[PDB]
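Taking it in order: structure first as structure tokens, then the write-up.
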Amino acid sequence: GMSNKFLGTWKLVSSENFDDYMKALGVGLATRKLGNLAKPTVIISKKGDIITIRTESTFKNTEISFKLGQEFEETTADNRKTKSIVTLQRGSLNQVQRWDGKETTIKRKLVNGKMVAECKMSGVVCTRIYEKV
Ligand SMILES: CCCCCCCCCCCCCCCC(=O)O
Ligand SMILES: [Cl-]
């Protein structure tokens with residue numbers, strides 16, 4: 001299933017077009033000002049068939065535990081309450097979030113030993129790169 005190369009503790013090192021992505025989610029300015037300044041660290045772990053993705057930052061922390069391909073309630077860092085699913089496509093980890101008839105996706109794939117996360121919303125595209133510790 002999911003590559004054990006994902007398991008570990010990743011540190012963000014680059015964000016591209018994050019603001020426009022947050023605006024597309026309806027995030028207020030003042031909140032964005034801190035989001036753009038944030039440098040989260042992501043911890044991915046598994047217990048059996050359950051995967052957990054934790055996000056730690058000075059501003060907000062998050063955590064989702066899920067089985068692949070099974071819908072699950074999620075609370076995003078901007079406090080959206082979504083019905084999310086995580087799929088596996090060509091070794092990429094694709095998280096979708098549905099709420100209020102709106103929809104966003106966060107695709108996570110490994111590239112040359114780095115985790116790359118693409119966030120798409122209303123045509124906007126974010127690209128955040130993480131480095132293993
Ligand atoms: C995780 C930092 C929180 C920033 C402040 C909340 C506003 C943004 C909420 C949605 C961001 C989702 C992007 C996740 C991308 C990643 O894997 O780093
Ligand atoms: Cl931080």
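Identifiers in this document derive from the order of the structure tokens: chains are assigned A, B, ..., residues are numbered from 1 separately in each chain, and ligands are numbered from 1 in order of occurrence.
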Once you count only C-alpha atoms and all ligand atoms, what closest atom pair and distance in Å to one decimal does each residue of chain A within 6 Å of ligand 2 have, with rows by chain and rising residue number, as a Markdown table?
```
| residue | atom | partner | partner_atom_place_in_ligand_line | distance |
| --- | --- | --- | --- | --- |
| A:38 | CA | ligand 2 | 1 (Cl) | 4.4 |
| A:39 | CA | ligand 2 | 1 (Cl) | 4.2 |
| A:40 | CA | ligand 2 | 1 (Cl) | 5.3 |
| A:57 | CA | ligand 2 | 1 (Cl) | 4.4 |
| A:58 | CA | ligand 2 | 1 (Cl) | 4.7 |
```
Put those residues in a file: N, CA, C and O atoms, as a PDB file, in the first residue's frame.
```pdb
ATOM      1  N   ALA A  38       4.015  30.524   8.621  1.00  0.00           N
ATOM      2  CA  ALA A  38       4.165  29.264   9.328  1.00  0.00           C
ATOM      3  C   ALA A  38       5.110  28.329   8.585  1.00  0.00           C
ATOM      4  O   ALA A  38       5.199  28.344   7.352  1.00  0.00           O
ATOM      5  N   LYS A  39       5.815  27.506   9.356  1.00  0.00           N
ATOM      6  CA  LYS A  39       6.736  26.502   8.824  1.00  0.00           C
ATOM      7  C   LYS A  39       6.421  25.166   9.484  1.00  0.00           C
ATOM      8  O   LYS A  39       7.161  24.694  10.356  1.00  0.00           O
ATOM      9  N   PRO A  40       5.326  24.525   9.076  1.00  0.00           N
ATOM     10  CA  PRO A  40       4.856  23.334   9.791  1.00  0.00           C
ATOM     11  C   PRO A  40       5.834  22.177   9.683  1.00  0.00           C
ATOM     12  O   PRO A  40       6.729  22.150   8.835  1.00  0.00           O
ATOM     13  N   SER A  57       2.437  23.222  14.214  1.00  0.00           N
ATOM     14  CA  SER A  57       2.905  24.577  13.954  1.00  0.00           C
ATOM     15  C   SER A  57       2.576  25.448  15.155  1.00  0.00           C
ATOM     16  O   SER A  57       1.678  25.142  15.946  1.00  0.00           O
ATOM     17  N   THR A  58       3.316  26.552  15.280  1.00  0.00           N
ATOM     18  CA  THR A  58       3.080  27.469  16.389  1.00  0.00           C
ATOM     19  C   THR A  58       1.654  28.006  16.372  1.00  0.00           C
ATOM     20  O   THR A  58       1.078  28.269  17.433  1.00  0.00           O
TER      21      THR A  58
END
```
Can you pull out every residue within 8 Å of residue 21 of chain A, counting only C-alpha atoms, but drop anything in the same chain fewer than 5 positions away, and send it as a list in words?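 Those residues are residues 119, 120, 121, 124, 125 and 126 of chain A.
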As a PDB file with N, CA, C and O atoms, in the first residue's frame, which residues of segment 83-126 of chain A does DSSP assign to strand (DSSP E or B)?
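Result file is part-v8.pdb:
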```
ATOM      1  N   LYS A  83     -15.812  16.128   4.876  1.00  0.00           N
ATOM      2  CA  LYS A  83     -15.891  14.681   4.686  1.00  0.00           C
ATOM      3  C   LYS A  83     -14.786  14.305   3.701  1.00  0.00           C
ATOM      4  O   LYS A  83     -14.940  14.460   2.486  1.00  0.00           O
ATOM      5  N   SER A  84     -13.673  13.811   4.233  1.00  0.00           N
ATOM      6  CA  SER A  84     -12.448  13.646   3.469  1.00  0.00           C
ATOM      7  C   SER A  84     -12.185  12.180   3.147  1.00  0.00           C
ATOM      8  O   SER A  84     -12.622  11.276   3.863  1.00  0.00           O
ATOM      9  N   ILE A  85     -11.455  11.961   2.055  1.00  0.00           N
ATOM     10  CA  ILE A  85     -11.038  10.630   1.636  1.00  0.00           C
ATOM     11  C   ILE A  85      -9.585  10.711   1.187  1.00  0.00           C
ATOM     12  O   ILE A  85      -9.143  11.722   0.633  1.00  0.00           O
ATOM     13  N   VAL A  86      -8.838   9.640   1.438  1.00  0.00           N
ATOM     14  CA  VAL A  86      -7.437   9.548   1.041  1.00  0.00           C
ATOM     15  C   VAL A  86      -7.288   8.354   0.107  1.00  0.00           C
ATOM     16  O   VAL A  86      -7.571   7.212   0.495  1.00  0.00           O
ATOM     17  N   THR A  87      -6.835   8.618  -1.112  1.00  0.00           N
ATOM     18  CA  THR A  87      -6.638   7.601  -2.132  1.00  0.00           C
ATOM     19  C   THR A  87      -5.158   7.482  -2.470  1.00  0.00           C
ATOM     20  O   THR A  87      -4.336   8.322  -2.097  1.00  0.00           O
ATOM     21  N   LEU A  88      -4.826   6.418  -3.199  1.00  0.00           N
ATOM     22  CA  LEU A  88      -3.452   6.140  -3.604  1.00  0.00           C
ATOM     23  C   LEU A  88      -3.414   6.006  -5.119  1.00  0.00           C
ATOM     24  O   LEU A  88      -4.004   5.076  -5.680  1.00  0.00           O
ATOM     25  N   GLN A  89      -2.720   6.935  -5.777  1.00  0.00           N
ATOM     26  CA  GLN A  89      -2.606   6.957  -7.232  1.00  0.00           C
ATOM     27  C   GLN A  89      -1.137   7.078  -7.600  1.00  0.00           C
ATOM     28  O   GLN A  89      -0.496   8.081  -7.268  1.00  0.00           O
ATOM     29  N   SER A  92       1.238   8.321  -5.218  1.00  0.00           N
ATOM     30  CA  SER A  92       0.920   9.617  -4.642  1.00  0.00           C
ATOM     31  C   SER A  92      -0.223   9.473  -3.645  1.00  0.00           C
ATOM     32  O   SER A  92      -1.132   8.660  -3.833  1.00  0.00           O
ATOM     33  N   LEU A  93      -0.164  10.265  -2.577  1.00  0.00           N
ATOM     34  CA  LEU A  93      -1.172  10.257  -1.523  1.00  0.00           C
ATOM     35  C   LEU A  93      -2.094  11.448  -1.756  1.00  0.00           C
ATOM     36  O   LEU A  93      -1.670  12.600  -1.632  1.00  0.00           O
ATOM     37  N   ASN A  94      -3.350  11.172  -2.100  1.00  0.00           N
ATOM     38  CA  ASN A  94      -4.296  12.207  -2.509  1.00  0.00           C
ATOM     39  C   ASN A  94      -5.388  12.347  -1.458  1.00  0.00           C
ATOM     40  O   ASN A  94      -6.184  11.424  -1.252  1.00  0.00           O
ATOM     41  N   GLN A  95      -5.434  13.511  -0.813  1.00  0.00           N
ATOM     42  CA  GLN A  95      -6.447  13.830   0.184  1.00  0.00           C
ATOM     43  C   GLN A  95      -7.459  14.785  -0.433  1.00  0.00           C
ATOM     44  O   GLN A  95      -7.085  15.844  -0.946  1.00  0.00           O
ATOM     45  N   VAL A  96      -8.733  14.410  -0.384  1.00  0.00           N
ATOM     46  CA  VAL A  96      -9.822  15.251  -0.866  1.00  0.00           C
ATOM     47  C   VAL A  96     -10.668  15.668   0.328  1.00  0.00           C
ATOM     48  O   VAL A  96     -10.825  14.913   1.294  1.00  0.00           O
ATOM     49  N   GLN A  97     -11.213  16.883   0.261  1.00  0.00           N
ATOM     50  CA  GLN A  97     -12.035  17.441   1.331  1.00  0.00           C
ATOM     51  C   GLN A  97     -13.288  18.045   0.720  1.00  0.00           C
ATOM     52  O   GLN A  97     -13.196  18.976  -0.087  1.00  0.00           O
ATOM     53  N   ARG A  98     -14.452  17.528   1.105  1.00  0.00           N
ATOM     54  CA  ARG A  98     -15.731  18.008   0.596  1.00  0.00           C
ATOM     55  C   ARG A  98     -16.521  18.665   1.720  1.00  0.00           C
ATOM     56  O   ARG A  98     -16.646  18.100   2.813  1.00  0.00           O
ATOM     57  N   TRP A  99     -17.055  19.853   1.448  1.00  0.00           N
ATOM     58  CA  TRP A  99     -17.828  20.581   2.444  1.00  0.00           C
ATOM     59  C   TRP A  99     -18.598  21.695   1.750  1.00  0.00           C
ATOM     60  O   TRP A  99     -18.056  22.371   0.872  1.00  0.00           O
ATOM     61  N   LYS A 102     -18.421  22.504  -1.760  1.00  0.00           N
ATOM     62  CA  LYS A 102     -17.092  22.900  -2.208  1.00  0.00           C
ATOM     63  C   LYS A 102     -16.136  21.713  -2.096  1.00  0.00           C
ATOM     64  O   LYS A 102     -16.455  20.688  -1.489  1.00  0.00           O
ATOM     65  N   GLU A 103     -14.948  21.851  -2.681  1.00  0.00           N
ATOM     66  CA  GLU A 103     -14.040  20.717  -2.730  1.00  0.00           C
ATOM     67  C   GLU A 103     -12.615  21.208  -2.921  1.00  0.00           C
ATOM     68  O   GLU A 103     -12.360  22.091  -3.744  1.00  0.00           O
ATOM     69  N   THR A 104     -11.698  20.634  -2.149  1.00  0.00           N
ATOM     70  CA  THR A 104     -10.277  20.877  -2.321  1.00  0.00           C
ATOM     71  C   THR A 104      -9.553  19.547  -2.216  1.00  0.00           C
ATOM     72  O   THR A 104     -10.088  18.568  -1.689  1.00  0.00           O
ATOM     73  N   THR A 105      -8.327  19.519  -2.728  1.00  0.00           N
ATOM     74  CA  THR A 105      -7.525  18.307  -2.720  1.00  0.00           C
ATOM     75  C   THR A 105      -6.089  18.655  -2.361  1.00  0.00           C
ATOM     76  O   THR A 105      -5.581  19.708  -2.756  1.00  0.00           O
ATOM     77  N   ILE A 106      -5.446  17.769  -1.605  1.00  0.00           N
ATOM     78  CA  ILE A 106      -4.037  17.903  -1.245  1.00  0.00           C
ATOM     79  C   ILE A 106      -3.347  16.609  -1.644  1.00  0.00           C
ATOM     80  O   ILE A 106      -3.506  15.584  -0.968  1.00  0.00           O
ATOM     81  N   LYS A 107      -2.570  16.655  -2.725  1.00  0.00           N
ATOM     82  CA  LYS A 107      -1.863  15.487  -3.237  1.00  0.00           C
ATOM     83  C   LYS A 107      -0.427  15.501  -2.730  1.00  0.00           C
ATOM     84  O   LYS A 107       0.278  16.502  -2.884  1.00  0.00           O
ATOM     85  N   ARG A 108      -0.003  14.396  -2.121  1.00  0.00           N
ATOM     86  CA  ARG A 108       1.329  14.271  -1.541  1.00  0.00           C
ATOM     87  C   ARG A 108       2.062  13.127  -2.227  1.00  0.00           C
ATOM     88  O   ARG A 108       1.621  11.974  -2.162  1.00  0.00           O
ATOM     89  N   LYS A 109       3.181  13.442  -2.874  1.00  0.00           N
ATOM     90  CA  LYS A 109       3.974  12.443  -3.574  1.00  0.00           C
ATOM     91  C   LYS A 109       5.443  12.645  -3.243  1.00  0.00           C
ATOM     92  O   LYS A 109       5.896  13.771  -3.017  1.00  0.00           O
ATOM     93  N   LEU A 110       6.182  11.540  -3.214  1.00  0.00           N
ATOM     94  CA  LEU A 110       7.610  11.594  -2.947  1.00  0.00           C
ATOM     95  C   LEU A 110       8.379  11.886  -4.229  1.00  0.00           C
ATOM     96  O   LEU A 110       8.077  11.338  -5.294  1.00  0.00           O
ATOM     97  N   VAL A 111       9.378  12.758  -4.118  1.00  0.00           N
ATOM     98  CA  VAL A 111      10.190  13.176  -5.256  1.00  0.00           C
ATOM     99  C   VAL A 111      11.622  13.332  -4.760  1.00  0.00           C
ATOM    100  O   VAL A 111      11.914  14.243  -3.977  1.00  0.00           O
ATOM    101  N   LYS A 114      12.028  13.749  -1.157  1.00  0.00           N
ATOM    102  CA  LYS A 114      11.315  14.878  -0.579  1.00  0.00           C
ATOM    103  C   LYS A 114       9.821  14.666  -0.761  1.00  0.00           C
ATOM    104  O   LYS A 114       9.382  14.054  -1.738  1.00  0.00           O
ATOM    105  N   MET A 115       9.035  15.179   0.182  1.00  0.00           N
ATOM    106  CA  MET A 115       7.584  15.111   0.094  1.00  0.00           C
ATOM    107  C   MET A 115       7.073  16.417  -0.501  1.00  0.00           C
ATOM    108  O   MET A 115       7.368  17.500   0.019  1.00  0.00           O
ATOM    109  N   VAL A 116       6.320  16.310  -1.590  1.00  0.00           N
ATOM    110  CA  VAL A 116       5.774  17.457  -2.299  1.00  0.00           C
ATOM    111  C   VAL A 116       4.260  17.391  -2.191  1.00  0.00           C
ATOM    112  O   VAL A 116       3.660  16.348  -2.475  1.00  0.00           O
ATOM    113  N   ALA A 117       3.646  18.500  -1.788  1.00  0.00           N
ATOM    114  CA  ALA A 117       2.210  18.554  -1.549  1.00  0.00           C
ATOM    115  C   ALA A 117       1.597  19.623  -2.440  1.00  0.00           C
ATOM    116  O   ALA A 117       1.956  20.800  -2.336  1.00  0.00           O
ATOM    117  N   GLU A 118       0.671  19.214  -3.305  1.00  0.00           N
ATOM    118  CA  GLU A 118      -0.041  20.134  -4.184  1.00  0.00           C
ATOM    119  C   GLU A 118      -1.451  20.341  -3.647  1.00  0.00           C
ATOM    120  O   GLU A 118      -2.193  19.371  -3.455  1.00  0.00           O
ATOM    121  N   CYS A 119      -1.816  21.597  -3.412  1.00  0.00           N
ATOM    122  CA  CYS A 119      -3.141  21.959  -2.926  1.00  0.00           C
ATOM    123  C   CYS A 119      -3.879  22.679  -4.046  1.00  0.00           C
ATOM    124  O   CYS A 119      -3.386  23.682  -4.570  1.00  0.00           O
ATOM    125  N   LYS A 120      -5.054  22.168  -4.412  1.00  0.00           N
ATOM    126  CA  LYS A 120      -5.829  22.707  -5.522  1.00  0.00           C
ATOM    127  C   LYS A 120      -7.213  23.109  -5.031  1.00  0.00           C
ATOM    128  O   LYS A 120      -7.861  22.356  -4.298  1.00  0.00           O
ATOM    129  N   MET A 121      -7.657  24.298  -5.436  1.00  0.00           N
ATOM    130  CA  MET A 121      -8.963  24.817  -5.034  1.00  0.00           C
ATOM    131  C   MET A 121      -9.378  25.887  -6.030  1.00  0.00           C
ATOM    132  O   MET A 121      -8.645  26.860  -6.229  1.00  0.00           O
ATOM    133  N   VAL A 124      -6.949  27.351  -8.259  1.00  0.00           N
ATOM    134  CA  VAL A 124      -5.717  27.782  -7.612  1.00  0.00           C
ATOM    135  C   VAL A 124      -4.889  26.554  -7.263  1.00  0.00           C
ATOM    136  O   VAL A 124      -5.429  25.484  -6.967  1.00  0.00           O
ATOM    137  N   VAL A 125      -3.564  26.698  -7.299  1.00  0.00           N
ATOM    138  CA  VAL A 125      -2.664  25.579  -7.038  1.00  0.00           C
ATOM    139  C   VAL A 125      -1.551  26.036  -6.107  1.00  0.00           C
ATOM    140  O   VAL A 125      -0.868  27.029  -6.379  1.00  0.00           O
ATOM    141  N   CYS A 126      -1.358  25.293  -5.021  1.00  0.00           N
ATOM    142  CA  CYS A 126      -0.288  25.520  -4.066  1.00  0.00           C
ATOM    143  C   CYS A 126       0.740  24.407  -4.200  1.00  0.00           C
ATOM    144  O   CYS A 126       0.416  23.295  -4.623  1.00  0.00           O
TER     145      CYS A 126
END
```
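Take the candidates A:127, A:9, A:112, A:52 and check each one against ligand 1 using only C-alpha atoms and all ligand atoms; the shortest distance goes to A:127.
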Residues within 6 Å of ligand 1 should be enumerated using only C-alpha atoms and all ligand atoms and returned as a ChimeraX atom specification. /A:22,35,40,60,77-78,117,128
Store the residues picked out above in a file with C-alpha atoms, as a PDB file, in the first residue's frame.
```
ATOM      1  CA  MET A  22      -6.187  30.242   1.455  1.00  0.00           C
ATOM      2  CA  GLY A  35      -0.275  31.020   7.655  1.00  0.00           C
ATOM      3  CA  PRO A  40       4.856  23.334   9.791  1.00  0.00           C
ATOM      4  CA  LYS A  60      -2.419  25.590  14.648  1.00  0.00           C
ATOM      5  CA  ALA A  77      -6.492  24.023  10.463  1.00  0.00           C
ATOM      6  CA  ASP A  78      -8.870  26.768   9.278  1.00  0.00           C
ATOM      7  CA  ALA A 117       2.210  18.554  -1.549  1.00  0.00           C
ATOM      8  CA  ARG A 128       4.728  23.057  -0.550  1.00  0.00           C
TER       9      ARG A 128
END
```
Could you tell me, as a PyMOL selection string, which residues of chain A DSSP assigns to alpha helix (DSSP H) when given the backbone? chain A and resi 18-24+29-37
Output C-alpha atoms for every residue in the selection just made, as a PDB file, in the first residue's frame.
```
ATOM      1  CA  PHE A  18      -0.134  29.627  -0.500  1.00  0.00           C
ATOM      2  CA  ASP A  19      -2.014  32.907  -0.010  1.00  0.00           C
ATOM      3  CA  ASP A  20      -4.186  32.542  -3.114  1.00  0.00           C
ATOM      4  CA  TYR A  21      -5.005  29.014  -1.949  1.00  0.00           C
ATOM      5  CA  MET A  22      -6.187  30.242   1.455  1.00  0.00           C
ATOM      6  CA  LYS A  23      -8.268  33.014  -0.128  1.00  0.00           C
ATOM      7  CA  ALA A  24      -9.947  30.314  -2.221  1.00  0.00           C
ATOM      8  CA  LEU A  29      -6.500  38.058   5.939  1.00  0.00           C
ATOM      9  CA  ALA A  30      -5.067  38.231   9.472  1.00  0.00           C
ATOM     10  CA  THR A  31      -5.216  34.431   9.576  1.00  0.00           C
ATOM     11  CA  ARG A  32      -3.324  34.202   6.280  1.00  0.00           C
ATOM     12  CA  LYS A  33      -0.612  36.569   7.519  1.00  0.00           C
ATOM     13  CA  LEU A  34       0.274  33.897  10.075  1.00  0.00           C
ATOM     14  CA  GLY A  35      -0.275  31.020   7.655  1.00  0.00           C
ATOM     15  CA  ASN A  36       2.205  32.422   5.148  1.00  0.00           C
ATOM     16  CA  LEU A  37       4.680  32.809   8.029  1.00  0.00           C
TER      17      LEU A  37
END
```
Report as a PyMOL selection string all protein, DNA and RNA residues lying within 8 Å of residue 56 of chain A, evaluated on only C-alpha atoms, omitting residues in the same chain fewer than 6 positions from it. chain A and resi 40-42+62
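Counting from atom CA of residue 16 of chain A, the distance to atom CA of residue 90 of chain A is 23.5 Å.
Residues in contact with residue 65 of chain A at 12 Å, where only C-alpha atoms are counted and same-chain residues fewer than 4 positions away are skipped, are listed as residues 43, 44, 45, 46, 47, 48, 49, 50, 51, 52, 53, 54, 55, 70, 71, 72, 73, 74, 75, 84, 85, 86 and 95 of chain A.
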Dump of N, CA, C and O atoms for the selected residues, as a PDB file, in the first residue's frame:
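Listing of part04.pdb after writing:
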```pdb
ATOM      1  N   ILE A  43       4.215  14.782  10.638  1.00  0.00           N
ATOM      2  CA  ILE A  43       4.598  13.469  11.139  1.00  0.00           C
ATOM      3  C   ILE A  43       3.605  12.450  10.599  1.00  0.00           C
ATOM      4  O   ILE A  43       2.405  12.528  10.895  1.00  0.00           O
ATOM      5  N   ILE A  44       4.105  11.491   9.820  1.00  0.00           N
ATOM      6  CA  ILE A  44       3.285  10.436   9.235  1.00  0.00           C
ATOM      7  C   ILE A  44       3.655   9.114   9.893  1.00  0.00           C
ATOM      8  O   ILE A  44       4.833   8.737   9.931  1.00  0.00           O
ATOM      9  N   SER A  45       2.646   8.415  10.406  1.00  0.00           N
ATOM     10  CA  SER A  45       2.831   7.159  11.114  1.00  0.00           C
ATOM     11  C   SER A  45       1.686   6.226  10.748  1.00  0.00           C
ATOM     12  O   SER A  45       0.637   6.663  10.267  1.00  0.00           O
ATOM     13  N   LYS A  46       1.890   4.929  10.982  1.00  0.00           N
ATOM     14  CA  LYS A  46       0.846   3.951  10.715  1.00  0.00           C
ATOM     15  C   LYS A  46       0.777   2.937  11.846  1.00  0.00           C
ATOM     16  O   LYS A  46       1.803   2.546  12.409  1.00  0.00           O
ATOM     17  N   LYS A  47      -0.448   2.528  12.171  1.00  0.00           N
ATOM     18  CA  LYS A  47      -0.720   1.440  13.110  1.00  0.00           C
ATOM     19  C   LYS A  47      -1.629   0.460  12.379  1.00  0.00           C
ATOM     20  O   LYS A  47      -2.841   0.682  12.285  1.00  0.00           O
ATOM     21  N   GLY A  48      -1.052  -0.613  11.852  1.00  0.00           N
ATOM     22  CA  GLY A  48      -1.845  -1.556  11.079  1.00  0.00           C
ATOM     23  C   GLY A  48      -2.279  -0.936   9.765  1.00  0.00           C
ATOM     24  O   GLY A  48      -1.457  -0.455   8.978  1.00  0.00           O
ATOM     25  N   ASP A  49      -3.588  -0.944   9.519  1.00  0.00           N
ATOM     26  CA  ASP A  49      -4.161  -0.361   8.314  1.00  0.00           C
ATOM     27  C   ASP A  49      -4.602   1.083   8.511  1.00  0.00           C
ATOM     28  O   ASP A  49      -5.284   1.635   7.639  1.00  0.00           O
ATOM     29  N   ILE A  50      -4.228   1.705   9.627  1.00  0.00           N
ATOM     30  CA  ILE A  50      -4.622   3.074   9.946  1.00  0.00           C
ATOM     31  C   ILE A  50      -3.400   3.967   9.779  1.00  0.00           C
ATOM     32  O   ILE A  50      -2.358   3.737  10.407  1.00  0.00           O
ATOM     33  N   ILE A  51      -3.529   4.980   8.927  1.00  0.00           N
ATOM     34  CA  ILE A  51      -2.491   5.981   8.711  1.00  0.00           C
ATOM     35  C   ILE A  51      -2.866   7.231   9.488  1.00  0.00           C
ATOM     36  O   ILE A  51      -4.048   7.571   9.621  1.00  0.00           O
ATOM     37  N   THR A  52      -1.856   7.932  10.000  1.00  0.00           N
ATOM     38  CA  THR A  52      -2.069   9.191  10.702  1.00  0.00           C
ATOM     39  C   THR A  52      -1.109  10.240  10.163  1.00  0.00           C
ATOM     40  O   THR A  52       0.097   9.993  10.063  1.00  0.00           O
ATOM     41  N   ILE A  53      -1.651  11.406   9.820  1.00  0.00           N
ATOM     42  CA  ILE A  53      -0.871  12.549   9.358  1.00  0.00           C
ATOM     43  C   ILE A  53      -1.097  13.672  10.361  1.00  0.00           C
ATOM     44  O   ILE A  53      -2.218  14.182  10.490  1.00  0.00           O
ATOM     45  N   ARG A  54      -0.043  14.046  11.079  1.00  0.00           N
ATOM     46  CA  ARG A  54      -0.096  15.114  12.067  1.00  0.00           C
ATOM     47  C   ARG A  54       0.645  16.334  11.546  1.00  0.00           C
ATOM     48  O   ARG A  54       1.705  16.211  10.925  1.00  0.00           O
ATOM     49  N   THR A  55       0.096  17.513  11.821  1.00  0.00           N
ATOM     50  CA  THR A  55       0.701  18.778  11.424  1.00  0.00           C
ATOM     51  C   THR A  55       0.905  19.621  12.673  1.00  0.00           C
ATOM     52  O   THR A  55      -0.060  19.928  13.379  1.00  0.00           O
ATOM     53  N   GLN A  70     -11.554   5.219   2.724  1.00  0.00           N
ATOM     54  CA  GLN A  70     -12.723   5.232   3.598  1.00  0.00           C
ATOM     55  C   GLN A  70     -12.955   6.650   4.104  1.00  0.00           C
ATOM     56  O   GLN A  70     -12.091   7.226   4.774  1.00  0.00           O
ATOM     57  N   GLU A  71     -14.124   7.204   3.779  1.00  0.00           N
ATOM     58  CA  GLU A  71     -14.483   8.548   4.209  1.00  0.00           C
ATOM     59  C   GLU A  71     -14.332   8.683   5.718  1.00  0.00           C
ATOM     60  O   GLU A  71     -14.495   7.718   6.470  1.00  0.00           O
ATOM     61  N   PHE A  72     -14.023   9.899   6.165  1.00  0.00           N
ATOM     62  CA  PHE A  72     -13.770  10.139   7.577  1.00  0.00           C
ATOM     63  C   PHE A  72     -13.921  11.626   7.865  1.00  0.00           C
ATOM     64  O   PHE A  72     -13.535  12.463   7.045  1.00  0.00           O
ATOM     65  N   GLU A  73     -14.482  11.941   9.032  1.00  0.00           N
ATOM     66  CA  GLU A  73     -14.669  13.330   9.430  1.00  0.00           C
ATOM     67  C   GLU A  73     -13.327  13.981   9.745  1.00  0.00           C
ATOM     68  O   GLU A  73     -12.474  13.399  10.421  1.00  0.00           O
ATOM     69  N   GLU A  74     -13.148  15.205   9.254  1.00  0.00           N
ATOM     70  CA  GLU A  74     -11.900  15.934   9.409  1.00  0.00           C
ATOM     71  C   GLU A  74     -12.183  17.363   9.841  1.00  0.00           C
ATOM     72  O   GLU A  74     -13.196  17.957   9.464  1.00  0.00           O
ATOM     73  N   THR A  75     -11.262  17.909  10.633  1.00  0.00           N
ATOM     74  CA  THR A  75     -11.286  19.310  11.040  1.00  0.00           C
ATOM     75  C   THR A  75      -9.972  19.936  10.589  1.00  0.00           C
ATOM     76  O   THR A  75      -8.910  19.619  11.135  1.00  0.00           O
ATOM     77  N   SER A  84     -13.673  13.811   4.233  1.00  0.00           N
ATOM     78  CA  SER A  84     -12.448  13.646   3.469  1.00  0.00           C
ATOM     79  C   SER A  84     -12.185  12.180   3.147  1.00  0.00           C
ATOM     80  O   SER A  84     -12.622  11.276   3.863  1.00  0.00           O
ATOM     81  N   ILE A  85     -11.455  11.961   2.055  1.00  0.00           N
ATOM     82  CA  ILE A  85     -11.038  10.630   1.636  1.00  0.00           C
ATOM     83  C   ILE A  85      -9.585  10.711   1.187  1.00  0.00           C
ATOM     84  O   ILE A  85      -9.143  11.722   0.633  1.00  0.00           O
ATOM     85  N   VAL A  86      -8.838   9.640   1.438  1.00  0.00           N
ATOM     86  CA  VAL A  86      -7.437   9.548   1.041  1.00  0.00           C
ATOM     87  C   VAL A  86      -7.288   8.354   0.107  1.00  0.00           C
ATOM     88  O   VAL A  86      -7.571   7.212   0.495  1.00  0.00           O
ATOM     89  N   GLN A  95      -5.434  13.511  -0.813  1.00  0.00           N
ATOM     90  CA  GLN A  95      -6.447  13.830   0.184  1.00  0.00           C
ATOM     91  C   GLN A  95      -7.459  14.785  -0.433  1.00  0.00           C
ATOM     92  O   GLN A  95      -7.085  15.844  -0.946  1.00  0.00           O
TER      93      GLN A  95
END
```
